[PDB]
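Trainee: After the structure tokens below, expect a handful of questions from me.
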Amino acid sequence: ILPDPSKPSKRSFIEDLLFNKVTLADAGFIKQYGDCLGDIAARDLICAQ
Amino acid sequence: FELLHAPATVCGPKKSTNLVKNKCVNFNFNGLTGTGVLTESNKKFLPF
Amino acid sequence: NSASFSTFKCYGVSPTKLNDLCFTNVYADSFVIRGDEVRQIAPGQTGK
Amino acid sequence: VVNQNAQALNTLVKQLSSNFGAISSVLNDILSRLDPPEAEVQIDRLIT
Amino acid sequence: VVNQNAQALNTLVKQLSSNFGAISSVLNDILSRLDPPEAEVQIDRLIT
């Protein structure tokens, strides 16, 4: 339960399990929302709009 | 009239105007309008 | 711009906007009716 | 909690495809076929 | 708690007797006295 300094983030080992139990896969609007920040090929990709 | 309006050739005898070179305009493709800048795409769509 | 057509009133789209879309598929129906029945030719209007 | 937000937003987004009695659910189509005089009647339904 | 639910349901049903500006509040009677292409306006008010 204590934080693991080895991991890049300070999340403890159990907190890693909790974050993996919640997924955005079953979501159309939200899942495609995140991919915009990772898109560079598209020109003028302003996904706030 | 139909709801698709798409293909071509049945409209008034007008002369083609200029283009905006990727500017925020009401681009009209096949009849339907819309606001945006010309966005080139390479995705492989179906022939039909 | 011709005075020949004394009754040209469009229902689903404004007449002025006809010069903004190219169709490629329009069904044209031609027939002759009595003048008093011209009003009877309209969407969902009862008549003989 | 995540599902409730996703479905709520998903329902909200899908509501843009409803004409609410208008001729079409796209404002651009209404403005590109109907002149302002009768365009408000179709448009006013969409806002409501 | 019992009364609140009872009156809430009772209030909900009683509002079917209000025409909301329609010529009549009962759905079927509008059909038997107005043709469909003109009855869509009145029936819409009841739905709203």
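Following Swiss-Prot, chain A shows residues 805-853, kept in their order.
The header says electron microscopy, 3.2 Å.
A Cβ is built for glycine as well, from the same backbone N, Cα and C atoms used for every other residue.
So Swiss-Prot lists the following for this protein:
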DISULFID  A:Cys840-A:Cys851  disulfide bond
REGION    A:816-837  region 'Fusion peptide 1'
REGION    A:828-853  region 'Disordered'
Trainee: Could you tell me how many residues in the region 'Fusion peptide 1' (A:816-837) are helical, how many are strand and how many are coil under DSSP?
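Mentor: Each residue of the region 'Fusion peptide 1' (A:816-837) counted once, the result is 14 helix, 1 strand, 7 coil.
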Trainee: Output, ordered by sequence, the same-chain residues six or more apart from A:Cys840 (disulfide bond) with a CB under 8 Å from its CB, or 'none'.
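Mentor: Residues satisfying the criterion: A:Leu849, A:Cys851.
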Trainee: Can you tell me whether DSSP puts A:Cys851 (disulfide bond) in helix, strand or coil?
Mentor: coil
Trainee: Looking only at DSSP and grouping its letters into three states, which state does A:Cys840 (disulfide bond) belong to?
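Mentor: For A:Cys840 (disulfide bond) - judged by DSSP and reduced to three states - the answer is helix.
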